[PDB]
Amino acid sequence: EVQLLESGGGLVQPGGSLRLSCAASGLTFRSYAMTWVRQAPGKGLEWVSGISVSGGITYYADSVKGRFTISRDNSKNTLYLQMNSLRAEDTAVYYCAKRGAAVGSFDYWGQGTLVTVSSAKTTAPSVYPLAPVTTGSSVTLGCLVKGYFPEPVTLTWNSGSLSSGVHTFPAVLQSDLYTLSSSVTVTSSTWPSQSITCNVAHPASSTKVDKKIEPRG
Amino acid sequence: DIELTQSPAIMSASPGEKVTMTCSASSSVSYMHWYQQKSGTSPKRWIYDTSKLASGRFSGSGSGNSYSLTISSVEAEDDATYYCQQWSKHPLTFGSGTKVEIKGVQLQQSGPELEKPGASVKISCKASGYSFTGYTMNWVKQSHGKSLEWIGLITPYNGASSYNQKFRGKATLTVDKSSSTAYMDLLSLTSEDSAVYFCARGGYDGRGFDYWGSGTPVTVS
Amino acid sequence: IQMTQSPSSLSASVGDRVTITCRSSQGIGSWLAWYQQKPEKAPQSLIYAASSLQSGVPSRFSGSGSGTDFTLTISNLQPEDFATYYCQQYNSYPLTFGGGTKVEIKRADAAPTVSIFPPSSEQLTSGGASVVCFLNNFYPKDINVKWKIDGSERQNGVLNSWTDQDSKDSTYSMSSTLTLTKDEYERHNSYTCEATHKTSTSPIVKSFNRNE
Amino acid sequence: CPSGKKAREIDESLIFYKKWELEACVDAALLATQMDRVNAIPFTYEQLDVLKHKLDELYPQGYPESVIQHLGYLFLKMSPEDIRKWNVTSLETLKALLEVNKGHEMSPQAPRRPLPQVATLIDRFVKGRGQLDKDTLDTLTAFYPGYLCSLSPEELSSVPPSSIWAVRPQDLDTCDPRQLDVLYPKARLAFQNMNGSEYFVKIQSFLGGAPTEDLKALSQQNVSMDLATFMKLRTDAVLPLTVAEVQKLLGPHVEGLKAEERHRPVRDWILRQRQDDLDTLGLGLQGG
């Protein structure tokens, strides 16, 4: 019942301004207080800010005191985070939270919005097909996705037919771009008899590319 | 210690004949109790306090050493192993057993148990139909080829337990008063001890074991 | 103001008592919290103050301590209780969080599915070159890949990625990448992955030669 | 008594005797001296009946300091008519009679007759010792802890401060405001040569029967109180109290207030304060 949708999260060039929204559904807003928590992508947790029930009484974390600016309202029903002079550290997923008591826990949270910061411009991905150059009846094939930004690319095989045998790893950032990779392990008789394609899209670049895995010699 | 010699080994008394079987003692004895077992099942109280019959062709008599049981008119329903138990010195010992071939309160134990030589097991014995913390609980050993040997007993209330020193260390008698179910714990088993084991209640003013239990044989290999 | 969780990551069996610990520097009465995180999804809340269960939490959980040295327990794990658990404090501003404890399942030991892939003909020609390595479906999570070219070792320009524990077959998988230009790809000939695991003393080797 | 059956001393072998042999063969100037042994020796109740009759002949009025130590399984037999004319003055003899009295696993809940002849022994001892010693209460609450809140307001007040230590809050479960007012100060007078965190730990059990004047004075020690220890508090000690005071007590343990809103010392104190004042607690509370 008790929702909180973060929205406004995009990419921004370094030093750029940007604002966040958390529109609440389920609670009497006037009569509770709020916070802003950011997850260092992958590994960590950290707190940003807190506002009181009045909202003259603000709190902040030292890596953003004067850069980031909280703000709240009753009538439009919206918690506001103004994050200014951004840098790549700030690049995180921000979670909007409802303080269960006045300086108490964070009991309820939002599904979460990502903010990205980088000198890196939008680049479409290069998709490459991986073919082996092995007896034990289980062949291994792969789709590697190199030189793309930002996240994500939504990679599958054969438009969601081949599911058990897939191994898509986490993409890892280098030279201002991500380098995602994938495997898939089918029977040594099923290939190359049946045609195998990998489907790698980037809503960022509006790119929908199809790469068929040819067995060359 | 006192050990009892019964005779004959294998009696052969006819229907319509008077016979006398004897149980001669090593030292001078106070009182005596006679019992009766049908192969497989539990024994039963036949005679007690020298001559005093339990609840009408049988009888008992003697003085000092010489003590004998007598049957008036032998029938075809009186064909069982007859034993003699002494009641004087610690501990309690039975006779070897008088076999008679014709010339022609429920105490439920656990199931028969099988184990490996060099390990332990607990066997149980539940009672109901009387006040459990006034009488005792007695354990006896019926071996293949030998006779009855009394292991020990225990007065549940007080946890107080006495043993035939033959068994001190092989035997551990334990009790829980709430369920009124007494346990024996046999530790480290051998090819000798592969035998039958009977839990019995002692009667009023130590007048013998008037009720015996089902029977939990043990097997060791 | 410090906040330390123990261990790094823990692994136990379904139906075993799980013991997680949370220390601090300065005393914090009972202004401490407990939060469950599902992989790349919302964090859930548990114990809100030392020994106080949040509304809708199974009682199998148990929050204890006071002052500085605290404890979170789970009597008899269940299957949906595997998660990154987080210890937090709110006594003073700022709020502080812990290093989070990744609590995983336990299966018996297993060895990987090593495969290799020299560069696509599109790549080889375009200006790059990547030698890939898939060491799939093994346990535990710790391991030792090592590349060799023309006999001599290489440690430089090596990316790596492990997936999280799998919920069906309970194995971690691994992508290692040996990135070059068309050039030193040509220069040195031979190419290798020496995946060394706990299972074996001496390693599982996947090799090729560029030309052949 | 037969020749060879005359009891040379106390042994295993006496169990294979009868009721009439015991009275003729056993000595009374023996059974007194060596008694500790008979507790291990399993006799039948019928044999113990004769042993009980053998000592009646030696000690007729009562039973000395000597006899009651190894009484064991006879305390049950002994009826109030003779127990009246007894003497103790030893913490040891006590435990023995109470251990065996804990041989009642018939009705774990009060069977409509919890304590018969033990009731007497207790009142018999407290008069003998004089008061209720520190030591004394420790061993009592070990067999009956709930006995403390099962006295009359009188016997509660005849109880010195240095006999509150032996109390943990497990005893004070079935206590009403009347009985707690009696005990309260006695603690505050016992734990007066103390301060700080060391002070509070112990005091928590009684705070249900305390006044406003000492809720003020507690706040200025930065102390922490739980929610379960707030439902105890007397109605009329709560209502003089401000917002910040409550928040400087329950503090971390406050979050789950919402749930216990319609209960004893809350439902009223909410309404008493201002709407604005409650909203700064940010816990969603109404009336003003």
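Here chain D follows Swiss-Prot, giving residues 302-589 in order.
Quick check of the header: X-ray crystallography, 4.3 Å.
Note that Cβ sites are derived from N, Cα and C of the backbone, with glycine treated the same way.
If you look up Swiss-Prot, you'll see D:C302-D:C326 marked as disulfide bond, on the strength of experimental evidence. The feature N-linked glycosylation site is assigned by Swiss-Prot to D:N388, D:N496, D:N523, with sequence analysis given as support.
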Cα separation, D:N388 (N-linked glycosylation site) to D:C302 (disulfide bond) (Å, whole number):
35
Given the recorded positions D:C326, D:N388, D:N523, state which is nearest to D:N496 (N-linked glycosylation site) when distance is taken between Cα atoms.
D:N523
What same-chain residues, at least 6 away in sequence, bring their CB to under 8 Å of the CB of D:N523 (N-linked glycosylation site)?
D:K549
Rounded to a whole angstrom, what is the C-alpha distance between D:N388 (N-linked glycosylation site) and D:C326 (disulfide bond)?
30
What same-chain residues, at least 6 away in sequence, bring their CB to under 8 Å of the CB of D:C326 (disulfide bond)?
D:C302, D:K306, D:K307, D:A308, D:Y318
